[PDB]
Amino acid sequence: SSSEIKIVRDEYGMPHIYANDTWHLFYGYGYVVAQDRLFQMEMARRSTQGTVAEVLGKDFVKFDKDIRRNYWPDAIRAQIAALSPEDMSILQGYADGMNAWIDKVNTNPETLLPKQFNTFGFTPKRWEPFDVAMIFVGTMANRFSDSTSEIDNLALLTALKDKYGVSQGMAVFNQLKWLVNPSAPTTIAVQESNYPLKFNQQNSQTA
C-alpha cells in the first residue's frame, strides 16, 4: 500500500497520480512526464546544463559555454545536499520515476523510444535530483529572474554625458531610464500601501 502508485489519465490524457508518501507521489509524476515528454525533457536538460553541442554539433558550442558560464553547479549540488529527507524525496522520487520509464524505453526501443531520438541519433540516459533542480533553475531562474543590463546602462550614461555634459547627461539618463515613475499603473493601489524605500538616481556609487 506504501508501495502502490495509481496513475489515472483523463480524456485529454492529463495524468492524476495517487500515492501514499512523498517519494512515491513524485515518482508517479516523473514517470508520467517520461511517458509524455521525454525528448522535450532531455533537450531541456541539455539546454539547462549546456550539453547541447554533444548531440547537435558545432552550432551549439557558444550556447553551451554561455549556459555553463552563468551558473555554479557545485553550489546547486550543495543546496540539494542540505535538504531534509522529505524535501529530498521530492527531487529523488521525480528522478527515480523518470528513470523507471527511461529504463523501459531503453529495454524495448523498437516500440517505446520517441522517434526524435532516432531522428537526432542518440538515446536517453537516467536522471538525478540535480537534473530536476536544473530544469527549474535554467528555465525559470535564468529565464525570468536573471535580468540586468547595468554595463550597457553605464555605456549609455557615459555616451549621454559625452553628448550633453555631466549634469544634463545624467538628467537625460533619468528621462530615458527613470528609477521610478509615479504615473506607472500599479497592481497595488496607492490607498493600500506604497514602497517605503527611496533610491539614489545619480550613480553616487562612483561619485
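For clarity, a rigid core is taken as the largest C-alpha set superposing within 1.5 Å between two forms. So that there is no doubt, residue numbering starts at 1 and follows the sequence shown.
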Between 138-146 and 165-173, the one whose CA atoms sit farther away in 7 other deposited structures of this protein (rigid core aligned): 138-146
Which of 61-69 and 159-167 has higher mean CA B factor, as the PDB entry lists it: 159-167
Mean C-alpha B-factor comparison - 100-108 and 74-82, higher one: 100-108
Highest recorded Cα temperature factor - choice among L197, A184, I17, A189: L197
Record-listed C-alpha B factor of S149: chain third: lowest
Record-listed C-alpha B factor of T51: chain third: highest
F136, C-alpha B-factor rank within chain (lowest, middle or highest third): lowest
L113 CA temperature factor, ranked by third within the chain: highest
